[PDB]
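Engineer: Please see the structure below; I have some questions.
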Amino acid sequence: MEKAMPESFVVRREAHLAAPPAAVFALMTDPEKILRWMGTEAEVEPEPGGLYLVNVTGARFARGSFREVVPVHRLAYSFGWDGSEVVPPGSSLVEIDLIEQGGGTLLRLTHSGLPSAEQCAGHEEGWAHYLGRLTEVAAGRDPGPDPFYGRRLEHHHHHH
């Protein structure tokens, strides 16, 4: 009936970036550049040994599980969007692929799993904004939107 990995439900999205594939990887390879567009706390390749991990939301993922790593090319790993319950390893699969093209760079995103419609509708809307925000950075840094971050000469408390 539905033993492991119930149903299928697969979501795929595409986007056109005017920047090369190397620039896109650099953004996901740099923990500080991410804070410029989303991410309140990120840390990658910390102590010797190499370890990619970023807390996109909350702080739940039980244990990491890298499947395949290919810099400036493609990435394969799972962790869930943490948009509901917890989404443990195997419950969903996230993959990002970079393809070089004459007119900008094409980025393909596939997210498998989605055991509930709320996660499907939430992930579809979540990935659209995430991908849309990334395009703004790829086509130009310093995003117009200021969901939380937006430094612009702010006053401060005077000494007393």
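Labels used: A, B, ... for chains in the order of the structure tokens, numbers from 1 for residues in each chain, and numbers from 1 for ligands as shown.
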For residue 135 of chain A, work out the shell of residues within 10 Å, counting only C-alpha atoms and skipping chain neighbours fewer than 3 positions away, then give it as number ranges by chain.

Structural biologist: A: 15-19, 24, 129-132, 138-141, 143

Engineer: Within chain A, find each residue whose DSSP state, derived from the backbone, is strand (DSSP E), and express the selection as a ChimeraX atom specification.

Structural biologist: /A:10-17,42-44,52-54,66-70,74-77,93-100,105-112

Engineer: Would you save the residues of that selection, restricted to N, CA, C and O atoms, as a short mmCIF file (atom, residue, chain, number, x, y, z; two decimals), in the first residue's frame?

Structural biologist:
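Saved file part.cif follows:
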```cif
data_model
loop_
_atom_site.label_atom_id
_atom_site.label_comp_id
_atom_site.auth_asym_id
_atom_site.auth_seq_id
_atom_site.Cartn_x
_atom_site.Cartn_y
_atom_site.Cartn_z
N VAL A 10 6.25 15.07 -6.49
CA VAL A 10 7.59 15.67 -6.80
C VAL A 10 7.39 17.10 -7.31
O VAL A 10 6.54 17.36 -8.13
N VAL A 11 8.19 18.02 -6.83
CA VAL A 11 8.08 19.44 -7.27
C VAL A 11 9.37 19.85 -7.97
O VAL A 11 10.45 19.62 -7.48
N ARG A 12 9.27 20.46 -9.13
CA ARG A 12 10.48 20.90 -9.88
C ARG A 12 10.32 22.36 -10.27
O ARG A 12 9.24 22.80 -10.63
N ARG A 13 11.37 23.13 -10.20
CA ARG A 13 11.28 24.58 -10.56
C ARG A 13 12.53 24.98 -11.34
O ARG A 13 13.56 24.35 -11.23
N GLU A 14 12.44 26.01 -12.13
CA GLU A 14 13.62 26.46 -12.94
C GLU A 14 13.72 27.98 -12.87
O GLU A 14 12.76 28.67 -12.61
N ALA A 15 14.89 28.52 -13.10
CA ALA A 15 15.05 30.00 -13.05
C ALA A 15 16.20 30.41 -13.97
O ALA A 15 17.13 29.65 -14.19
N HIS A 16 16.15 31.60 -14.51
CA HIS A 16 17.24 32.06 -15.42
C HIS A 16 18.11 33.08 -14.69
O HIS A 16 17.63 34.09 -14.21
N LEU A 17 19.39 32.83 -14.59
CA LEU A 17 20.32 33.77 -13.88
C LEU A 17 21.29 34.36 -14.89
O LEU A 17 21.82 33.68 -15.74
N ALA A 42 24.70 31.23 9.72
CA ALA A 42 25.18 30.14 8.81
C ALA A 42 26.67 29.88 9.06
O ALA A 42 27.42 30.78 9.38
N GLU A 43 27.09 28.65 8.93
CA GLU A 43 28.53 28.32 9.16
C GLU A 43 28.89 27.12 8.29
O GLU A 43 28.23 26.10 8.33
N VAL A 44 29.93 27.23 7.49
CA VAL A 44 30.32 26.08 6.61
C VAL A 44 31.84 25.89 6.66
O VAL A 44 32.58 26.80 6.97
N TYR A 52 29.71 20.89 5.24
CA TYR A 52 28.72 21.92 4.80
C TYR A 52 27.43 21.79 5.61
O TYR A 52 26.81 20.74 5.63
N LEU A 53 27.01 22.83 6.26
CA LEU A 53 25.75 22.77 7.05
C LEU A 53 25.30 24.19 7.38
O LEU A 53 26.07 24.99 7.88
N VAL A 54 24.07 24.52 7.11
CA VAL A 54 23.57 25.90 7.41
C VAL A 54 22.17 25.80 8.03
O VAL A 54 21.34 25.04 7.59
N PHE A 66 25.22 13.66 3.64
CA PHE A 66 25.61 14.11 2.27
C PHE A 66 25.51 12.95 1.28
O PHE A 66 25.91 11.85 1.57
N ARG A 67 24.97 13.20 0.12
CA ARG A 67 24.84 12.12 -0.91
C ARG A 67 25.91 12.31 -1.98
O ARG A 67 26.66 11.41 -2.30
N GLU A 68 25.99 13.49 -2.54
CA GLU A 68 27.02 13.74 -3.60
C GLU A 68 27.37 15.23 -3.61
O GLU A 68 26.50 16.07 -3.50
N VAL A 69 28.63 15.56 -3.75
CA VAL A 69 29.04 17.00 -3.77
C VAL A 69 29.83 17.29 -5.05
O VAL A 69 30.76 16.60 -5.39
N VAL A 70 29.45 18.33 -5.75
CA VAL A 70 30.17 18.71 -7.00
C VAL A 70 30.19 20.25 -7.08
O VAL A 70 29.24 20.86 -7.53
N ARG A 74 26.99 20.73 -9.33
CA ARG A 74 25.68 20.26 -8.80
C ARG A 74 25.83 19.79 -7.36
O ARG A 74 26.91 19.47 -6.90
N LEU A 75 24.74 19.73 -6.63
CA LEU A 75 24.80 19.27 -5.21
C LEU A 75 23.61 18.35 -4.91
O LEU A 75 22.53 18.53 -5.44
N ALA A 76 23.81 17.37 -4.06
CA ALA A 76 22.70 16.44 -3.72
C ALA A 76 22.72 16.19 -2.21
O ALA A 76 23.69 15.71 -1.66
N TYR A 77 21.65 16.51 -1.53
CA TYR A 77 21.60 16.30 -0.06
C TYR A 77 20.16 16.41 0.43
O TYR A 77 19.30 16.89 -0.28
N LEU A 93 13.87 14.60 -0.57
CA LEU A 93 15.23 14.70 -1.20
C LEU A 93 15.38 16.06 -1.88
O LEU A 93 14.54 16.48 -2.65
N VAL A 94 16.45 16.75 -1.59
CA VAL A 94 16.68 18.09 -2.21
C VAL A 94 17.90 18.01 -3.13
O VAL A 94 18.93 17.50 -2.75
N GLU A 95 17.79 18.49 -4.34
CA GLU A 95 18.95 18.44 -5.28
C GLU A 95 19.04 19.74 -6.07
O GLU A 95 18.04 20.29 -6.50
N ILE A 96 20.23 20.22 -6.26
CA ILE A 96 20.44 21.49 -7.03
C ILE A 96 21.44 21.20 -8.14
O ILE A 96 22.49 20.63 -7.91
N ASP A 97 21.12 21.56 -9.36
CA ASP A 97 22.04 21.28 -10.51
C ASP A 97 22.32 22.58 -11.27
O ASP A 97 21.42 23.34 -11.56
N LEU A 98 23.56 22.81 -11.60
CA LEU A 98 23.92 24.05 -12.36
C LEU A 98 24.27 23.66 -13.79
O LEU A 98 25.06 22.76 -14.02
N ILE A 99 23.69 24.32 -14.76
CA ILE A 99 23.98 23.99 -16.19
C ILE A 99 24.47 25.24 -16.90
O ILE A 99 23.83 26.27 -16.89
N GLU A 100 25.62 25.16 -17.52
CA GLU A 100 26.16 26.35 -18.23
C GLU A 100 25.38 26.59 -19.52
O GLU A 100 25.06 25.67 -20.24
N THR A 105 22.78 31.40 -16.79
CA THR A 105 22.95 30.00 -16.28
C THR A 105 21.59 29.44 -15.86
O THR A 105 20.83 30.09 -15.18
N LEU A 106 21.29 28.24 -16.26
CA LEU A 106 19.97 27.63 -15.90
C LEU A 106 20.13 26.82 -14.61
O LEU A 106 21.01 25.99 -14.50
N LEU A 107 19.29 27.06 -13.63
CA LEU A 107 19.38 26.31 -12.34
C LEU A 107 18.14 25.45 -12.17
O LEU A 107 17.02 25.93 -12.21
N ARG A 108 18.32 24.17 -11.98
CA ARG A 108 17.16 23.25 -11.80
C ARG A 108 17.06 22.86 -10.33
O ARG A 108 18.05 22.55 -9.70
N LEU A 109 15.87 22.87 -9.78
CA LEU A 109 15.69 22.50 -8.34
C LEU A 109 14.61 21.44 -8.23
O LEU A 109 13.50 21.62 -8.70
N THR A 110 14.91 20.33 -7.61
CA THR A 110 13.90 19.23 -7.45
C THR A 110 13.76 18.89 -5.97
O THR A 110 14.73 18.65 -5.29
N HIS A 111 12.55 18.87 -5.47
CA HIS A 111 12.32 18.54 -4.03
C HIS A 111 11.31 17.39 -3.95
O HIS A 111 10.14 17.56 -4.20
N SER A 112 11.77 16.21 -3.62
CA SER A 112 10.85 15.03 -3.53
C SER A 112 10.30 14.89 -2.11
O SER A 112 10.77 15.51 -1.19
#
```

Engineer: If you count only C-alpha atoms, which residues fall within 9 Å of residue 63 of chain A, apart from same-chain ones fewer than 5 positions away, as a ChimeraX atom specification?

Structural biologist: /A:79,88-89

Engineer: Among the residues of chain A, find those DSSP assigns to alpha helix (DSSP H) from the backbone and print them as a ChimeraX atom specification.

Structural biologist: /A:21-29,31-36,117-139

Engineer: Compile the contact shell of residue 149 of chain A as a list in words: residues with an atom at most 9 Å away, counting only C-alpha atoms, same-chain residues fewer than 6 positions apart removed.

Structural biologist: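 Contacts, with the query itself left out: residues 35, 36, 37, 38 and 40 of chain A.
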
Engineer: Please, what distance in Å, to one decimal, runs between atom CA of residue 134 of chain A and atom CA of residue 116 of chain A?

Structural biologist: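 The value is 26.4 Å.
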
Engineer: Go through A:90, A:39, A:49, A:113 one by one, measure the shortest atom-to-atom distance of each to residue 61 of chain A using only C-alpha atoms, and give the residue with the smallest value.

Structural biologist: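 Closest to residue 61 of chain A, using only C-alpha atoms: A:90.
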
Engineer: Residues at most 10 Å from residue 71 of chain A, counting only C-alpha atoms, excluding those fewer than 6 positions away in the same chain, as a tab-separated table (two decimals) with N, CA, C and O atoms, in the first residue's frame?

Structural biologist:
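The resulting file, out_29.tsv, is reproduced below:
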```tsv
chain	number	residue	atom	x	y	z
A	21	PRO	N	27.67	29.99	-13.36
A	21	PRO	CA	27.47	28.94	-12.30
A	21	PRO	C	28.48	29.08	-11.16
A	21	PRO	O	28.21	28.75	-10.03
A	22	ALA	N	29.65	29.58	-11.46
A	22	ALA	CA	30.69	29.74	-10.40
A	22	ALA	C	30.20	30.76	-9.36
A	22	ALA	O	30.42	30.59	-8.17
A	25	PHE	N	27.56	29.12	-6.93
A	25	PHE	CA	28.18	28.23	-5.92
A	25	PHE	C	28.86	29.08	-4.84
A	25	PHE	O	28.76	28.80	-3.67
A	26	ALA	N	29.55	30.11	-5.24
A	26	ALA	CA	30.24	30.97	-4.24
A	26	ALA	C	29.24	31.47	-3.20
A	26	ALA	O	29.52	31.50	-2.02
A	28	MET	N	26.50	30.01	-2.18
A	28	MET	CA	26.13	28.87	-1.29
A	28	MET	C	27.38	28.30	-0.63
A	28	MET	O	27.30	27.45	0.24
A	29	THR	N	28.54	28.76	-1.02
A	29	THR	CA	29.81	28.24	-0.42
A	29	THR	C	30.30	29.24	0.62
A	29	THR	O	31.15	28.94	1.43
A	98	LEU	N	23.56	22.81	-11.60
A	98	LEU	CA	23.92	24.05	-12.36
A	98	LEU	C	24.27	23.66	-13.79
A	98	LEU	O	25.06	22.76	-14.02
```

Engineer: Report the distance between atom CA of residue 124 of chain A and atom CA of residue 56 of chain A in Å, rounded to one decimal place.

Structural biologist: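 Between atom CA of residue 124 of chain A and atom CA of residue 56 of chain A the gap works out to 16.2 Å.
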
Engineer: So which one's closest to residue 127 of chain A, A:73, A:81, A:114, A:157? Using only C-alpha atoms, please.

Structural biologist: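 Under the stated criterion, the closest residue is A:81.
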
Engineer: Atom CA of residue 1 of chain A and atom CA of residue 117 of chain A are how many Å apart?

Structural biologist: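 Between atom CA of residue 1 of chain A and atom CA of residue 117 of chain A the gap works out to 19.2 Å.
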
Engineer: Skip residue 83 of chain A itself and residues of its chain fewer than 5 positions away, then list as a ChimeraX atom specification all residues within 10 Å of it, counting only C-alpha atoms.

Structural biologist: /A:57-58,118-120,122-123,126
